[PDB]
2 protein chains.
Amino acid sequence: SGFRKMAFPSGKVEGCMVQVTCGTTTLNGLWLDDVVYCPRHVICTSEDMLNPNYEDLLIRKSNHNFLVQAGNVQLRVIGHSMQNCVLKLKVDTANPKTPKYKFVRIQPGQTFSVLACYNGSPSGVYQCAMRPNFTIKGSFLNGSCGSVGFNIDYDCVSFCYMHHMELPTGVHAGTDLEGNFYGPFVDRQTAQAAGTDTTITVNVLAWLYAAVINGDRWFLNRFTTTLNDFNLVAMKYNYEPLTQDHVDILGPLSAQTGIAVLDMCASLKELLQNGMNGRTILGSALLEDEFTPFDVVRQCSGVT
Amino acid sequence: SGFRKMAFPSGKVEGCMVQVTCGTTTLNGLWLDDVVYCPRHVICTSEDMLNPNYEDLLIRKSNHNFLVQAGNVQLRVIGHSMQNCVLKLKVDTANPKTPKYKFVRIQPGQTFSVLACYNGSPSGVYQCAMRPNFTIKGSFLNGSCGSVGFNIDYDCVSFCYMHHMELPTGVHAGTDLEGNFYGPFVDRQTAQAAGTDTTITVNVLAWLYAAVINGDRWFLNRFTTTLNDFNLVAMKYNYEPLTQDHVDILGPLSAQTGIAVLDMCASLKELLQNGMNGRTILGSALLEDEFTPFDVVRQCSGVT
Ligand SMILES: Cc1ccncc1NC(=O)CC(C)(C)c1ccccc1
Ligand SMILES: Cc1ccncc1NC(=O)CC(C)(C)c1ccccc1
């Protein structure tokens, strides 16, 4: 028992982190097989970031201008190319530490672990969710660019995110490993609107089920609701509307606890309308939404 | 910017995790050099746990009864000994993945990362604090015993905790790597009182400084206080009394923000007396105490 914001063990990802330097800029790169992936803004200077013409800036760069270092060894760059907002630096050596891996584009509301890195060295690991508005509320400083988000299914690392930038609001934006930004963000130092964010309803409900599994039951009530009634409350409180697909994914949690999904919805409804009354749930004084139904089952069963 | 409950990269510790089986019981062991460390209750059966005579139970065990497996390789056991509540199984092979390491006994209120493991395989990593009452609010299921807590200073892993048990209250108890329990706990299935816990005042203040660094300033006020006045409030709210040593460790944070420690104490005083008024600080609706002043500086500067 106990419930924690648990990240995946970062070992397989630590073995892939390298430092990429181009001119005066240094950031992180991901070395998989004989390719190093990093944000394309590594080729920019501070002046370039206001309106960079990446194609033109990349033309002034040759393979020898990209300095890739894995701890203390220098990798030899034999090819360079830009794919969307990422640079792919072909190196002459395959990473001996390359795990089984995939590149996946996660959906908003899904979770992942981030291995924050500076100068190609891992500093820490934390779990987060891709917000419905496609930002991430991470912890990143200058030099963290190129740090990646991932999930692990036994021995396979699914890379889902690469960090590119911090919005003037202090929230984070980045790409999938094909260099496509999550959200409307562009790799340019300009004011950029992150959309209106919403709370991930299915995740809050999954977390309410984790609370019941771990003994926190005070919020359970004698009521039930309907999808339409609950969604009227979700609307008022900027919660994502609940669908039958979300109800279906909560099935395992509903089965284990024997608390019908719509009954758990009624608990969430009363919590939204009345607040916590100064009480806590799983050590939190707010409704937590960065645990998916899969995360809850995984943690509550002990999947390695 | 952004502030997260960040754990250390678990890579160096993943390389040390093994499975230890004795008779019918399986748990985790830590393989460092030619020694495997694990909880001594690995030698017990369910009936034994009510009042185990570990010395007598260990006498019925020989080196060949301890099955140690690192992934798929079987380690050959050539020695066994009990040191306090841990068993040290000498193996004939030094772990090739042994990092630079130390065994340290952490102080209550200090933090560490836990690599939760089942059957010798890592499932996740999370950051936590040793409570002032010497328990940890972790996330552990049956089979998690032998999972360890640690801190990392560049290349040196300081192991501070090994998980042994869950108290009937759902909180966790364990030992340092010499097998000494943190707190009054014993490895026996009996009712055990965890002492009255308190909130780690110096950690809450460090976290208030992290909030100011990251833009959350609403709680700052026009007031100041004294150590004695603040401690009268700390007493009423079950907060650890603040000492000049705590003020001294907050020095770097006080220097960076230019907010005197006693002025930050006055903010904490008003937050304790009035609550959050439905607002949040660093995404939390409660006063967070599992970040030390060192954790805050490290995260806010990007130490790898
Ligand atoms: C200081 C910091 C903290 C966390 N994450 C990223 C950064 N910094 C940046 O975003 C700056 C830069 C040049 C990389 C950039 C990139 C795309 C668009 C505009 C600017
Ligand atoms: C179920 C679970 C979850 C998390 N951590 C530990 C456990 N289980 C135990 O503590 C049981 C056992 C036999 C290992 C034990 C050990 C010392 C004292 C009494 C019992």
Side-chain angles (χ1 to χ4, degrees), chain A residues 1-4 22 24-28 38-52 54 85 114 116-118 135-147 162-175 181 185-192 214 300 302, chain B residues 1-4 22 24-28 38-52 54 85 114 116-118 135-147 162-175 181 185-192 214 300 302:
Chain A
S1 71
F3 205 72
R4 278 284 186 174
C22 192
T24 73
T25 311
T26 285
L27 43 60
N28 308 282
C38 75
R40 70 179 181 168
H41 71 250
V42 67
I43 74 186
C44 304
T45 69
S46 59
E47 317 102 56
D48 297 325
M49 293 309 306
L50 291 167
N51 184 44
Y54 287 98
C85 304
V114 170
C117 292
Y118 298 88
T135 61
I136 75 163
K137 307 198 168 175
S139 166
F140 293 111
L141 298 164
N142 185 7
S144 67
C145 304
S147 306
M162 173 167 280
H163 182 58
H164 285 243
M165 56 171 196
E166 185 169 69
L167 300 180
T169 64
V171 309
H172 305 107
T175 73
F181 264 95
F185 309 111
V186 290
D187 45 1
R188 186 187 154 152
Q189 195 164 301
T190 185
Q192 293 176 57
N214 290 278
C300 295
Chain B
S1 71
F3 205 72
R4 278 284 186 174
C22 192
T24 73
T25 311
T26 285
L27 43 60
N28 308 282
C38 75
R40 70 179 181 168
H41 71 250
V42 67
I43 74 186
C44 304
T45 69
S46 59
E47 317 102 56
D48 297 325
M49 293 309 306
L50 291 167
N51 184 44
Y54 287 98
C85 304
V114 170
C117 292
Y118 298 88
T135 61
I136 75 163
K137 307 198 168 175
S139 166
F140 293 111
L141 298 164
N142 185 7
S144 67
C145 304
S147 306
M162 173 167 280
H163 182 58
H164 285 243
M165 56 171 196
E166 185 169 69
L167 300 180
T169 64
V171 309
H172 305 107
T175 73
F181 264 95
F185 309 111
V186 290
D187 45 1
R188 186 187 154 152
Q189 195 164 301
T190 185
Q192 293 176 57
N214 290 278
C300 295

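Ligands are counted one by one from 1 in listed order, and the atoms in each one are counted from 1 as well. Each chain gets a letter, A, B and so on, in the order the sequences are listed, and its residues count up from 1. Heavy-atom basis, side chains included; hydrogens, waters and symmetry copies ignored.
Counting heavy atoms closer than 4.0 Å to ligand 1, residue A:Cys145 contributes side-chain atoms (C-beta onward) but none from N, CA, C or O.
Side chain of B:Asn28 to main chain of B:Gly143: a donor-acceptor pair is present (N/O by atom type, distance under 3.5 Å, no hydrogens or angles). No donor-acceptor distance shorter than 3.5 angstrom exists from the side chain of B:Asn214 to the backbone of B:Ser1, with no hydrogens or angles considered. Between the side chain of B:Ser144 and the backbone N or O of B:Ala116, no donor-acceptor pair lies under 3.5 Å.
Listed by number with element, the atoms of ligand 1 under 4.0 angstrom from any heavy atom of A:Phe140 are 3 (C), 4 (C).
Between B:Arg188 and ligand 2, a contact under 3.5 Å exists for no N or O pair.
Ring geometry for B:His172 versus B:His163: interplanar angle over 60°, hence perpendicular rather than tilted (30 to 60°).
For the residue pair B:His164 and B:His41, the shortest heavy atom distance occurs at O-CE1, 3.0 Å. The two atoms that bring A:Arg188 and A:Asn51 nearest to each other are NH1-OD1, 2.8 Å, heavy atoms only.
Taking a distance limit of 4.0 Å, we find that atom 1 (C) of ligand 2 is approached by some protein heavy atom. For atom 8 (N) of ligand 1, no protein non-hydrogen atom is found at a distance below 4.0 Å. Atom 19 (C) of ligand 1 is flagged as protein-proximal [any protein heavy atom, distance under 4.0 Å].
Of the protein's non-hydrogen atoms, the one nearest atom 11 (C) of ligand 2 is B:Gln189 OE1, 5.0 Å.
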Show your working on side chain to side chain contact (heavy atoms under 4.5 Å, CB included) between A:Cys145 and A:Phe140 and close with a plain yes or no.
CA-CA 8 Å; A:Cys145 304; A:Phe140 293 111; over 6 Å; no
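Of the listed residues (B:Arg40, B:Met49, B:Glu166, B:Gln192), the one carrying the non-hydrogen atom nearest atom 15 (C) of ligand 2 is B:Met49. In the candidate list B:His164, B:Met165, B:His41, B:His163, B:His163 is nearest to atom 5 (N) of ligand 2, counting heavy atoms.
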